[PDB]
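Visitor: A single structure is presented below for examination.
Residue numbers (the entry's author numbering), protein chains in the order written: chain D, 1 to 74; chain F, 1 to 74; chain B, 1 to 74; chain A, 1 to 500; chain E, 1 to 500; chain C, 1 to 500.
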């Protein structure tokens with residue numbers, strides 16, 4: 001909407017300053033952090049489930065740190 | 001913003017009709033679909049990488065169908 | 001339509017003669033026969049494929065005689 | 001209104017133990033009850049009259065199409081827009097045609113055209129609905145007294161004879177008692193709510209004739225439909241065709257009338273008579289009947305004193321009984337009319353039973369005629385026309401030997417079991433134990449399963465059995481019967497039930 | 001204010017053993033209690049009125065930007081400083097642009113420019129808060145006496161009838177007794193502190209309409225905000241844009257109004273009516289109700305002496321009960337109105353129960369009408385109106401067979417479990433053992449866990465189950481159920497709870 | 001229009017072997033070519049002017065809603081129909097509300113209501129498109145002759161000096177030769193078709209400011225849109241809200257203006273200037289340049305006879321070169337101006353090269369000033385001004401030691417590789433073997449792959465590398481490099497390219 005599916009960014013040609021760059025680089029981190037800072041309990045039980053399955057070590061972490069991005073913005 | 005981190009939804013008490021419900025249920029699907037319908041090439045190479053790693057079958061799919069949600073809305 | 005999805009038949013209560021019964025009993029056979037009498041070549045290669053698979057005998061025939069109804073009316 | 005001569009006629013063996021017993025009657029059939037000390041009663045549906053109707057939705061099965069117009073646009077100029085979109089009286093369709101310099105435009109390969117046309121109904125279909133409080137039942141009821149050949153079928157007389165009566169029942173007046181005079185009065189207890197589901201389906205009218213159809217099926221119909229009154233429709237394209245767009249010029253054409261397909265479509269629908277109201281033919285109705293005040297007049301009268309005669313010759317009912325007509329010379333009337341049913345003239349011991357108990361001479365007028373029926377037993381017999389020398393008698397065969405009759409009854413029972421559902425156990429009147437549970441069993445059993453995959457048509461379910469059979473054919477012991485019950489029965493029989 | 005016709009209506013089976021029983025009521029729903037020897041009671045929320053409000057912080061969702069000014073400096077001359085930094089009425093931003101001899105300066109490649117502009121609000125947002133001592137509850141209460149079609153929904157009459165009353169409750173007056181007159185008086189015991197957390201969230205107003213919003217969420221709004229009254233703001237850049245610095249000339253531009261996004265943003269917010277005060281729709285409130293002084297007037301009166309009549313025809317409540325209206329010819333009023341609910345006319349034994357016990361003729365005036373409801377049982381039945389030949393009766397179906405009730409009961413509970421949390425056990429009134437612990441169990445269980453990872457939205461938690469499921473799918477015995485409880489339930493159900 | 005002082009400035013080392021060499025220029029940057037026997041040339045974009053525009057579709061981002069009306073119906077009366085459906089000027093929505101006797105109707109639980117309201121645009125958005133034949137390019141071109149501090153940046157003079165010229169190029173006039181006078185004439189060969197895809201996207205205007213936006217993305221905007229001119233819209237609900245239907249009374253409300261979200265939405269869009277036409281800032285344009293008729297005037301003149309002077313002091317370009325200004329006392333002009341770039345005063349052997357070959361005294365007028373640039377080499381050196389005792393000299397550092405140049409060269413290429421795609425190989429002018437294939441390689445390689453999963457945003461693709469890396473981290477030999485090329489590069493670098 002007016003919200004989601006921002007054209008940002010076309011980003012062709014253009015050596016210059018884009019409409020809002022400073023916002024854009026900062027956007028994706030915050031709105032996720034704000035939510036995760038909120039309900040950390042989520043991450044706790046989340047992280048556990050990663051260590052549960054696959055037992056190959058690091059690839060387990062691959063689930064978790066990934067999964068932590070899932071809950072933000074569904 | 002005015003866009004992201006919608007209070008939607010408080011959703012306490014309230015047996016009644018919420019401000020906009022009809023929108024809300026429909027929102028999350030479309031703005032993702034619109035984007036994925038757009039660049040299907042993404043999903044192709046995406047799906048392959050899932051089958052690449054972990055070789056436990058279905059848990060490989062767990063990555064993919066998950067991963068397909070990642071690219072929408074970063 | 002006016003053609004397909006005939007209400008025929010409600011058929012509740014009614015000890016009496018229905019709107020058109022004589023047609024109805026005769027309908028389903030003919031319009032299939034007419035078509036199968038037409039292109040028998042269909043049935044030939046059709047019947048073979050049944051004997052091809054499953055090799056349990058009669059259950060193979062189950063496919064065929066069934067399958068012969070499929071092609072009529074798609 | 002009598003049970004005479006109706007193609008489908010059944011009797012009821014009074015079990016005593018009550019003046020009340022439960023009944024279910026049908027449009028065509030007529031029911032006849034014989035129970036000791038009680039006369040013989042006739043009840044049959046007349047019709048089902050519903051009064052006031054409401055109109056759910058509509059359909060236009062044949063429509064007109066006029067006022068073709070289209071507006072082209074050059075390529076890259078986007079969608080065209082015809083003003084006529086401003087009115088629901090048109091259907092607009094966009095379109096596009098490839099474009100040369102030779103025609104009108106400065107780039108090649110595409111375009112836009114907007115076709116619109118007016119839309120109007122040739123002739124339309126009307127659905128209607130029924131509100132249960134508008135239901136009626138016309139039921140005539142009859143008892144066998146003195147009758148002639150003429151008066152018998154006729155309702156005028158028996159009113160005076162007070163041996164028959166008509167009445168209406170509604171959920172507003174769910175039960176009534178009504179006087180036959182001399183024999184006393186009787187009591188009907190019915191359940192108008194249960195006759196139909198007035199909300200199971202709709203009244204539909206197409207042109208003249210009209211039809212009962214399922215409510216769910218009506219919504220699906222693929223065709224222009226309308227809000228209840230009202231104005232203008234949905235999906236109103238499907239009667240129209242767009243040709244190949246040709247430059248500026250495209251034509252749109254209406255299909256031929258679909259009216260036939262409707263008639264084609266309707267099969268299970270049941271003909272009805274619709275002007276202001278509707279009259280069903282086949283009703284399905286449960287009732288209870290209370291006989292206490294019913295008694296026997298005439299027990300006073302003695303034997304009749306004079307010769308008898310046969311106006312009409314003995315003849316068969318086809319239901320297994322026999323009627324005759326008698327005229328009587330003497331003037332001693334009213335007098336009790338001696339007759340019986342016997343094996344050989346060497347015996348006076350009756351065997352069969354009178355259809356009408358105690359034939360009753362109406363009047364003292366000579367050469368009156370009397371209409372009387374009995375049920376002789378199997379094989380050969382005689383009809384003794386009163387004792388005394390003057391006794392005359394006739395010799396009337398019947399071939400019906402008990403096993404054949406029993407077998408026929410079983411087939412009839414199966415049909416009754418089918419299409420009458422749970423309620424079919426009501427023939428088992430004054431139930432409990434066997435009968436009460438038999439309706440309880442069939443209740444969830446038939447109310448599910450057979451009706452759950454229901455919606456099958458002839459071979460659809462008809463085929464299934466054979467396919468099911470092979471499962472029963474090849475299976476494991478104690479798995480067989482479980483599967484077999486699915487295979488045979490419940491399916492093939494109704495498949496045979498429909499012959500035709 | 002009555003329970004008539006409200007879309008959501010439930011009953012309560014009086015367990016006796018007390019004149020008191022515990023209740024929880026809701027904005028939409030209306031509650032109805034039947035307990036022996038006691039009339040039938042109606043209680044429902046009216047609204048929630050809060051009085052005085054306080055203003056935490058503010059927001060300007062749409063702002064104006066004017067008075068662009070900028071001051072360049074040569075390279076190596078450090079940061080520029082515009083005087084306008086001396087006032088909070090501006091936003092200053094530094095900047096720099098590469099520099100030639102051709103423009104103004106004696107070295108190449110860099111510079112300094114200081115851009116400032118005035119900042120002002122197009123139109124702004126106001127948050128507000130609620131102090132619990134400002135809460136109210138308007139609760140009407142009602143008992144079923146003599147009513148007509150008209151007066152029934154109307155509050156004017158029943159005041160005179162004294163069969164209904166409205167009142168306010170506060171933490172200042174947490175419980176009240178109030179007189180219905182003849183039936184006695186009853187006692188409500190509630191807990192205004194528990195209705196909401198007045199501090200759980202804020203009242204927010206955007207333009208006209210206003211909204212309840214988690215004060216939690218409400219802080220992290222990204223937009224100009226203000227100290228409570230006051231003057232001038234923080235983070236007031238985010239409505240402005242700086243272009244590419246061009247020599248001396250750079251422009252700054254305001255974004256378009258954000259007002260939409262707010263409306264977009266708000267979803268779970270609940271519409272409210274804000275001028276001086278607020279009126280909620282859906283309340284959540286616990287109460288206890290004490291019935292001792294409630295009694296039954298009318299036990300004096302005898303059977304009514306005259307014909308009955310149906311003003312309105314029987315009709316369904318949709319909640320599983322049936323109301324009708326009666327008018328009465330005779331003048332004997334006040335008199336006790338005979339009626340029951342029966343199986344067949346062969347029996348006078350009632351089966352169902354009266355919604356309103358002892359219908360009561362109001363007055364001696366002829367042709368008054370009386371409004372009465374009952375609950376027939378499943379299947380078919382009759383409504384006996386009066387005794388003796390006068391007795392008229394109507395035949396009213398119901399299809400509701402017990403099992404489907406048992407289910408629609410359960411899920412309805414299940415729904416009423418969800419979103420009503422621990423308190424949902426209050427339907428289990430006069431608890432202990434089972435019910436008391438069931439609230440104790442859910443207490444820490446729901447007060448954690450489900451609410452700890454709470455903040456999920458639809459698929460967010462909705463997806464989780466399937467992902468969880470695969471864990472339950474592939475796991476070890478006795479580990480399965482532990483994981484499975486996480487997988488299914490608590491999650492998928494509320495995911496189904498929202499359909500829609 | 002000159003290359004002086006532009007933030008981004010690059011040079012080109014003439015390989016001889018042709019009077020022609022291929023170039024690509026950009027909006028911001030300015031290009032400078034030094035090749036033997038040939039003067040030094042300056043070319044830079046001015047702007048991109050497009051002339052005539054066309055309007056694809058429209059949007060109304062903020063709308064008005066008035067004329068609420070609704071028509072109820074009793075339950076079972078089907079859908080309601082409001083007449084206003086007869087006009088596209090309204091949006092109609094059906095609806096239904098539960099119904100009591102208390103309000104208006106003879107059955108309970110349901111109903112029908114038809115809500116309609118008029119719909120109108122507060123203010124709307126306009127898209128537009130560009131037809132390639134409407135493109136232009138303003139390109140100024142410049143050669144270094146006699147200049148002062150003033151005239152240099154100024155276009156008025158150099159016209160008279162004939163050392164600079166402006167011109168337009170179109171697909172209609174794809175190449176032009178143009179005379180500088182004394183130095184001869186030169187030839188530009190460009191490809192206007194290739195500058196942009198005029199059909200890659202649209203011109204969009206929102207309120208005042210306007211934007212370039214992928215026509216692709218531009219369709220899926222969710223909002224009321226319109227046929228190109230025209231009248232009335234599609235999907236025009238999404239600015240409206242329907243409240244809870246309340247009896248007859250329901251309200252519908254417009255959302256706040258969405259204008260902000262648009263501005264929010266647009267990021268990658270590029271500001272443009274739209275009134276009648278548009279002026280881009282950043283162009284992307286390929287050209288070839290033919291130098292044959294270019295020659296060197298002044299070879300006649302001899303050494304200048306008099307003292308020199310420094311009007312402005314030496315200063316750095318920031319691109320690695322150094323300009324100074326000289327004024328000259330003597331009257332001998334025009335005369336050839338001796339200068340060089342030297343290591344130590346013990347040597348007269350030049351080392352660096354003149355930016356402008358053969359500084360040229362314009363006139364005989366005393367105390368004229370002359371603007372001249374050179375490129376000294378690394379470390380320390382001197383600037384020899386004149387010969388003989390008159391000779392004065394200045395000592396100008398540079399820290400730039402070669403290696404750091406080699407790097408800042410590379411990455412700059414790497415950046416200039418990215419976002420310049422295949423065409424980036426055009427810096428490799430007069431190609432073949434290496435360069436020609438390097439564009440051929442990148443052609444299908446970049447024209448697929450990187451652009452096939454393209455549409456990634458920052459972390460989206462930015463994250464991928466690390467995830468990819470772990471694959472390269474744990475893999476098999478000879479599978480590693482195949483996977484690793486995917487992991488590193490092509491991805492992380494552009495992820496670093498954006499810093500910011």
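Beta carbons: idealized from backbone N, C-alpha and C, even for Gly.
Check the C-beta distance from residue 146/A over to residue 1/A and give it rounded, since I have them as a contact under 8 Å.
Guide: Actually they do not touch by this definition, with Cβ atoms about 17 Å apart.
Visitor: Starting from residue 42/A, follow its DSSP beta bridges and name the residues at the other end.
Guide: Residue 42/A is bridged to 32/A and 142/A.
Visitor: Is residue 55/F close to chain E? Criterion is C-beta to C-beta, closer than 8 Å.
Guide: No - not a single Cβ of chain E is within 8 Å of the one on residue 55/F.
Visitor: Going by DSSP, name the residue or residues bridged to residue 91/E.
Guide: Bridge partners of residue 91/E: 117/E.
Visitor: With 8 Å set as the bound, which would you pick, yes or no: does the beta-carbon of residue 397/E sit closer than that to a beta-carbon of chain A?
Guide: Chain A contact via Cβ: present.
Visitor: Within 10 angstroms of its Cβ, does residue 74/B collect 16 or more other Cβ (buried), or is it exposed?
Guide: Per the 10 Å Cβ criterion, exposed.
Visitor: Alpha carbon to alpha carbon, what distance is there between residue 183/A and residue 207/A?
Guide: If I take the Cα positions, the gap works out to 49 Å.
Visitor: Taking residue 239/C and residue 255/C to be in contact with their CB atoms under 8 Å, please state how far apart those CB atoms are, rounded to whole angstroms.
Guide: With 8 Å as the limit, residue 239/C and residue 255/C qualify as a contact, their Cβ atoms being about 5 Å apart.
Visitor: Using the beta-carbon count (16 or more within 10 Å), is residue 351/C buried or exposed?
Guide: By the 10 Å Cβ count, residue 351/C comes out exposed.
Visitor: For residue 71/D, collect the residues of the same chain with a Cβ closer than 7 Å to its Cβ; drop the 5 residues on either side in sequence, then sort them by chain order.
Guide: Closer than 7 Å at Cβ, skipping near neighbours: 42.
Visitor: Quick one: complete beta strand (DSSP E) runs, 3+ long, within the segment 263-337 of chain E?
Guide: If we require 3 residues or more, the beta strand (DSSP E) runs fully inside the segment 263-337 of chain E come out as 278-280, 284-290, 308-310 and 322-328.
Visitor: Excluding the 5 residues preceding and the 5 following residue 185/C in the sequence, name in chain order all residues of the same chain whose CB lies nearer than 7 Å to its CB.
Guide: Closer than 7 Å at the Cβ level, and outside the excluded window around residue 185/C, lie 177, 178, 179 and 293.
Visitor: Tell whether a beta-carbon distance below 8 Å holds between residue 217/E and residue 59/E.
Guide: Not in contact: residue 217/E and residue 59/E (Cβ atoms no closer than 8 Å).
Visitor: Does chain F have any CB closer than 8 Å to the CB of residue 126/E?
Guide: For residue 126/E, the answer is no, since every Cβ of chain F falls outside 8 Å of its Cβ.
Visitor: Pull out every residue of the segment 217-243 of chain A whose Cβ sits closer than 9 Å to any Cβ of chain H, in chain order.
Guide: Absence of chain H from the displayed structure is noted, the protein chains being D, F, B, A, E and C.
Visitor: In terms of residues, what are the limits of the beta strand (DSSP E) holding residue 110/C?
Guide: No beta strand (DSSP E) holds residue 110/C; DSSP gives it neither H nor E.
Visitor: Does DSSP classify residue 36/D as helix, strand or coil?
Guide: Helix.
Visitor: For chain E, check one thing: does any of its Cβ atoms lie closer than 8 Å to the Cβ of residue 34/D?
Guide: Yes, residue 34/D counts as interfacial toward chain E.
Visitor: Would you kindly work out how many angstroms separate the C-alpha atoms of residue 448/E and residue 67/E, rounded to a whole number?
Guide: Rounded to the nearest angstrom, the two C-alpha atoms are 54 Å apart.
Visitor: What do you get for residue 101/A, buried or exposed, if any count of 16 or more other CB atoms within 10 angstroms of its CB means buried?
Guide: Residue 101/A is exposed by the Cβ-count criterion.
Visitor: Am I right that residue 266/E and residue 201/E are in contact with their C-beta atoms under 8 Å? What's the rounded C-beta distance?
Guide: Actually they do not touch by this definition, with Cβ atoms about 12 Å apart.
Visitor: With which residues is residue 374/C paired in a DSSP beta bridge?
Guide: Answer by DSSP bridge pairing, in chain order: 322/C and 354/C.
Visitor: I want to see whether chain A comes within less than 8 Å of residue 15/B, judged by CB atoms only; does it?
Guide: It does; some Cβ of chain A falls within 8 Å.
Visitor: What did DSSP end up calling residue 435/A once you bin it into helix, strand or coil?
Guide: Residue 435/A falls in the helix class under three-state DSSP.
Visitor: Excluding the 5 residues preceding and the 5 following residue 4/A in the sequence, name in chain order all residues of the same chain whose CB lies nearer than 7 Å to its CB.
Guide: Hits under 7 Å: 152 and 153.
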